[PDB]
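Have a look at the structure below, then the notes.
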Amino acid sequence: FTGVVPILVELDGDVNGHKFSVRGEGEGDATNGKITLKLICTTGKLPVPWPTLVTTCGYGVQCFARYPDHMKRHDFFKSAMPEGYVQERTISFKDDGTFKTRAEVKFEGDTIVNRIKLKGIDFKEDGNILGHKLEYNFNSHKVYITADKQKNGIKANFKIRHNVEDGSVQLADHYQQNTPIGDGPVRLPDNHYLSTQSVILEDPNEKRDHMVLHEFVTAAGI
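Quick note: to get the entry's author numbering, add 7 to the position in the sequence shown (first position is 1).
Encoded structure:
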């Protein structure tokens with residue numbers, strides 16, 4: 008992770024029966040804590056607004072967080088490489104439905120690959136998610152990481168705030184658990200967080216339903 012590593016993202020999902028697939032490619036720079044991704048919906052029109060997938064694909068790969076020198080001891084993500092780790096989540100949108108996600112992150116050659124299955128249920132058809140009322144941007148968060156010795160992994164907790172067009176804010180509770188795939192020693196961390204910032208852009212020469220994602224993540228709190 009000292010250099011620039013290519014990324015591959017594969018997502019197969021169905022939210023309230025609408026099946027969709029999303030494929031993306033980009034590169035992460037852990038040294039500077041940067042991520043860039045172009046993600047494209049291959050099945051046509053995305054049932055859900057793009058920001059709701061930012062965490063799934065984007066916060067999907069968190070190896071590329073920049074852990075400062077005095078905190079390098081707590082970096083589970085890089086510590087689990089190259090065998091990889093499993094990333095499981097329940098994302099519950101307040102007063103609406105629920106994402107439940109299983110993802111595997113590992114190296115396949117010089118490339119890091121993020122493979123996800125997503126299944127969402129109980130969404131209002133005129134609610135903020137299925138009716139596409141979310142603004143095409145993303146807010147700044149704190150991913151609170153904590154150790155789970157019993158599962159030899161970590162747990163994560165954060166509240167994502169999705170800006171709504173009318174000025175309101177759609178809250179999304181993330182409950183995340185990570186487990187390493189490899190038999191080796193991974194170090195399980197003291198309490199800390201990952202402060203995240205994101206911008207969401209467009210490729211003008213891309214006409215398929217897509218999103219261009221930038222992430223900026225640095226660890227803090229020790």
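Ideal Cβ positions, reconstructed from N, Cα and C, are used throughout, including at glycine.
Three-state secondary structure assigned by DSSP to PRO187
strand
Hey, which unbroken runs of the beta strand (DSSP E) at 3 residues or more fall wholly within the region 34-110?
41-48 and 92-100
Just confirm the distance between the C-beta atoms of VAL22 and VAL55, as a whole number of angstroms; I'd bet it's less than 8 Å.
6 Å
I need the straight-line Cα distance from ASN170 to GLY160, nearest angstrom please.
32 Å
Would you mind stating whether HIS199 and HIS77 have Cβ atoms separated by less than 7 Å?
no
Can you list, in chain order, the residues of its chain with a C-beta nearer than 6 Å to that of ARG109? Leave out the 5 residues immediately preceding and following it.
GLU95 and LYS124
For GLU222, does the count of other Cβ atoms within 10 angstroms reach 16, so buried, or fall short, so exposed?
buried
Measure from the alpha carbon of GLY20 to the alpha carbon of each residue in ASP180, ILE14 and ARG122, then state which is nearest.
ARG122
Close beta carbons around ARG168, own chain, < 7 Å, minus the five adjacent residues each side:
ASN146, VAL176 and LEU178
Our contact map puts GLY127 next to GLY104 with C-beta atoms below 8 Å; I'd like the distance itself, whole angstroms only.
6 Å
If you reduce the DSSP assignment to three classes, tell me which class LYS156 lands in.
helix
Mind reading off the beta-carbon distance from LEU201 to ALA72? Whole number of angstroms is fine, and I expect it under 8 Å.
5 Å
Closer than 8 Å by C-beta to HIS25: which residues in its own chain qualify, once you throw out the five before and the five after it? Chain order, please.
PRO54
Reducing DSSP to helix, strand and coil, say where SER175 ends up.
coil
Which residues bound the beta strand (DSSP E) around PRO13?
12-22
Report the three-state DSSP secondary structure of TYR182 (helix, strand or coil).
strand
To the nearest angstrom, how far is it from the Cα of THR186 to the Cα of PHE106?
19 Å
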